[PDB]
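Only one structure is covered here, and it is reproduced in the block below.
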Amino acid sequence: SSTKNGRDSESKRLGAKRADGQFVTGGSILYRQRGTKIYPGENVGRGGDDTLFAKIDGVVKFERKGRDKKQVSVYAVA
Amino acid sequence: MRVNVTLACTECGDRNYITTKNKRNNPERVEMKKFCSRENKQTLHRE
RNA sequence: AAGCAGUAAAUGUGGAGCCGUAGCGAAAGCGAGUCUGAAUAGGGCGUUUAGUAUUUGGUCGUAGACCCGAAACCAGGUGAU
RNA sequence: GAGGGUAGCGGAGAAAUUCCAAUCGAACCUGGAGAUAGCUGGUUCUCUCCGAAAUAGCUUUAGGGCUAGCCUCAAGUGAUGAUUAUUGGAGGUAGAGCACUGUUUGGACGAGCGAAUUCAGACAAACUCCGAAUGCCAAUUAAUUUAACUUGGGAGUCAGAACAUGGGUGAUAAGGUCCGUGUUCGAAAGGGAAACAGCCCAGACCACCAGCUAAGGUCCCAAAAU
RNA sequence: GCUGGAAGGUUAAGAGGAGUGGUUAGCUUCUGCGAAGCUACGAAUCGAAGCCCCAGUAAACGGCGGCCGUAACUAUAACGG
RNA sequence: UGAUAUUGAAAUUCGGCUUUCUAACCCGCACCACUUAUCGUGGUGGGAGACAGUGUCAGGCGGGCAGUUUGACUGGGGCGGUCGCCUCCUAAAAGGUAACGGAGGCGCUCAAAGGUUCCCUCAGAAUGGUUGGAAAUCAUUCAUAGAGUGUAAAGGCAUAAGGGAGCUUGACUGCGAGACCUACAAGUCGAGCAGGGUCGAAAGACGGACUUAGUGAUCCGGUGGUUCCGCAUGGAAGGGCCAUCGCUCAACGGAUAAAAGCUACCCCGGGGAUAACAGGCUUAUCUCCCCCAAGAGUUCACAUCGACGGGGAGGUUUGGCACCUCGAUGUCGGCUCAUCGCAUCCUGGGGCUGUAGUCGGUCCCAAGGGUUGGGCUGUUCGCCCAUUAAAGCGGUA
RNA sequence: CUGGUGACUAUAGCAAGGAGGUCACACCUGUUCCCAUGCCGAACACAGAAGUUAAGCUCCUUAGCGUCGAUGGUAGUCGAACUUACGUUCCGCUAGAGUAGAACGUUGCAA
């Protein structure tokens, strides 16, 4: 016979590009996502597609936005 | 149907723009107010 | 370099020419600074600013290019014992 | 029978692709010519150090290439490399569960009531109120060790195989086929499994009629306990 | 496919030269007008065959069908839609 | 087939058509001479005549002939199907990960369905009244999402990204530290600086749409602009730069502007990297042998038969895989010659019986010997005729 | 101890029973004015005689629901040895139960 399946799309590479407690620069990407899985905290912005980037230089900390919610922040340490 | 259109400045130097427009929804020519680089001021664009 | 002299000889003459000493820009052009740009405001490429002639070795290009091997194509001739 | 004619991009054929000097889907000789061959075959002396790959992307591409990965030589920078010990973190697999979407068993509930309401009991790669062991990213933190990075010269490789483990497909078939993660072979000789590339132990610089061990073994072949 | 016909439509080279642009003797608001020569590109109109079109030709190339009911025939249909 | 040159001379209505004439040109037409030759040439008579034939340019027909094209993946090839992009599962809680594995979409749309400032909260259920689905509208209560978000899916959103209203065009210009992905070419996000602005009292927000698909290198050509160049000189033709347009190039990193088939007349270079026969692994299929017992058998499951279900042996059939052989392992039936196994056709030996006797059915041990001749068909196979104690089943390329 | 405004997973909640008002938060009256309605002074905005704790709001009690949650065991699994389902060593779930729990807690007014 034949088949009707077999199609796919190129795999987009999301996830966390920076580790907790790691020094970052002023434009580093912290997280790539669809929708909102991690909220922006202090000194963290949002792009066209929902992506998190740092605004200043410092460490990266993943915090808790209450119940079942999450955020990441950048603190100007040294 | 959609037709690609261009906007030309009026009574001044031309600072062109490109947009899209539906043939039936806007059968006439649209006019807008856009920044002009030559005149360094906002002006009216037609066509 | 060609040429001239010299033993087909290795040596003199010959400074047309070539590379380097300063880059940027499509170009006009400017110049340790140029282009884009209304604006060194930012950005790109530069400020190393030590090369050059010959030769041993490795690799590449043009020539068949490590060697042997076709089925085929074109041109000019020889054949009805 | 003798003398003659028709010549190859051509002749002749009562027609078979039949014949034109033992050869004809297009004769023979010499030149272009050492045509072209991403294809088979072959490639000549000796020692020392190091030592792969059978992968991704694209391809009128699939047994051919190019860039990247992995190997080697030289010149440079100088803890930037690997393993553990202690914290922080992202990410929903095994398992379990029915609070969502679907499936389903038996009783009370008339609006036919094993599901429009309620109490117990089950199922799921494309279900989740929950959630490990490992693995992964960092600290600029401590002991041990020896590597990592950059610029230049030269390559090879793009047919992989078995075993253990998590899966798809097949029929919870295949020495079947396609993926992830390890070992060995490839390119590894020595000992054990009777013989037996991939299984178990173990990595050969050369010489000795010296000792202790591993895997497997100690009645005879056959070294070791009848 | 072959043959016969030209009422209409399409159609080349070649004739045809309405017009456009470049140059400048001169004039002039100063970056425009602009005669004649030389030069580049050209429009209306005319131009055959062929094709579309009309007819014939099959010992030319070719092609020659289904569904549904019914006895003066049990089944089955001379016949009907 | 038409225009034009060789190509002349006169007349008719509106640059010409048509009809006349002879000198150009033509005659494989007659007579004469070179010449005992009509090949050739010349002369004299007839015929046709600016026609034909020839030269240059243009349109049409033209496998008669010539040079080439006719894709890849593929559990061999052909046939069928597919080729670029997006969203899930397989995918083994970082990222990545294949198969002709399992499911769906895309080649858009919106002038408000964009920006800003204010205001608001859904679906569903019950009851009541001119009863159409107590859900076509009027009203009340419960109701954290089951509703909506333009279009598939996933991830999100009730601080709304969901619904309403006012104003407006940021669906701007020149950029851009740093970062993700990555062979390259490409793709993604981005704080901030300057020049104009919209909404808002203001802080502020705004470089299209809740996010992720809606797209095609280069070459060449068209349009608008420009301190650029422009072959002695001033112009111009022609280029450069900036903006934009024209490709189901969908075989979607795109051979060329332009391309289909047969070969049983076939040839060359390679491959067991890849099929057809036999060997090898497996046993779906095939042939046998068992487990339980609903029943049939007048009664009575097991003399004999054995429904619904379950577990094995063998390697004789049809298949699956593609491990040896393509610088060669030669097929189907028949003849000659055999050999091995027992799951036994006859003969020898026993148990049970629904075994009165002669005959029968079923099971157990047993491989010593034996196991027919013809008609049809190339046949293996099968049917038929006549016998026999019997006319057995398989392996050995 | 009442009010204003910020910080932590409902140990902060839902629900039921009680106590309180003229300082404050509320209720309520009215639509000339600053404003508005698919129509609707119901709501948004104003000027404010009265009157009541009914309801919002503050405090107390209730373990009915919801939330948090030990120890022990079990499932699964890193690594090792036999072998193919069983030992040895670490980590350690869901579910179900003993249980915290009717909130702690910063800062300027007021009594």
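Order-wise, the sequence lines are chains A and B.
In our numbering, each residue carries its 1-based index in the first sequence increased by 353.
In our numbering, each residue carries its 1-based index in the second sequence increased by 5.
C-beta atoms are modelled at their ideal positions from N, C-alpha and C, and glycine is treated no differently.
Apart from the five residues on each side of it in sequence, which residues of its chain come closer than 8 Å, Cβ to Cβ, to residue i?
i	result
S381 of chain A	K370, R371, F406, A407
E36 of chain B	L49, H50, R51
Run the CB neighbour count on residue i, radius 10 Å, all protein chains shown included, and call it buried at 16 or more, exposed below.
i	result
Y384 of chain A	buried
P32 of chain B	exposed
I391 of chain A	buried
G411 of chain A	buried
Compare the C-alpha of residue i against each of the options and name the closest.
i	options	result
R7 of chain B	B:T24, B:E16, B:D19, B:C17	B:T24
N396 of chain A	A:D373, A:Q375, A:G374, A:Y428	A:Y428
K418 of chain A	A:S364, A:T389, A:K357	A:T389
Could you give the distance in angstroms between the alpha-carbon of residue i and the alpha-carbon of residue j?
i	j	result
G18 of chain B	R43 of chain B	6 Å
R366 of chain A	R51 of chain B	44 Å
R420 of chain A	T378 of chain A	30 Å
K414 of chain A	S426 of chain A	5 Å
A13 of chain B	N30 of chain B	21 Å
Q386 of chain A	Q424 of chain A	13 Å
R20 of chain B	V430 of chain A	48 Å
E16 of chain B	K28 of chain B	26 Å
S362 of chain A	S354 of chain A	25 Å
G398 of chain A	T404 of chain A	8 Å
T356 of chain A	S364 of chain A	23 Å
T11 of chain B	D402 of chain A	29 Å
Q375 of chain A	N358 of chain A	44 Å
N9 of chain B	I409 of chain A	42 Å
Grab me the residues of residue i's own chain with a C-beta within less than 6 Å of its C-beta, minus the 5 sequence neighbours each way, in chain order.
i	result
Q47 of chain B	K38, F40
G400 of chain A	none
Report all residues from its chain with a CB closer than 7 Å to the CB of residue i; omit the five preceding and five following residues, and keep chain order.
i	result
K422 of chain A	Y392
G368 of chain A	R385
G394 of chain A	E416, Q424, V425, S426
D373 of chain A	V413, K414, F415
With respect to 7 Å, is the separation between the Cβ of residue i and the closest non-hydrogen atom of the ligand ADP below this value?
i	result
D402 of chain A	With respect to small molecules bound, the structure shown includes none, and the ligand ADP cannot be examined in it.
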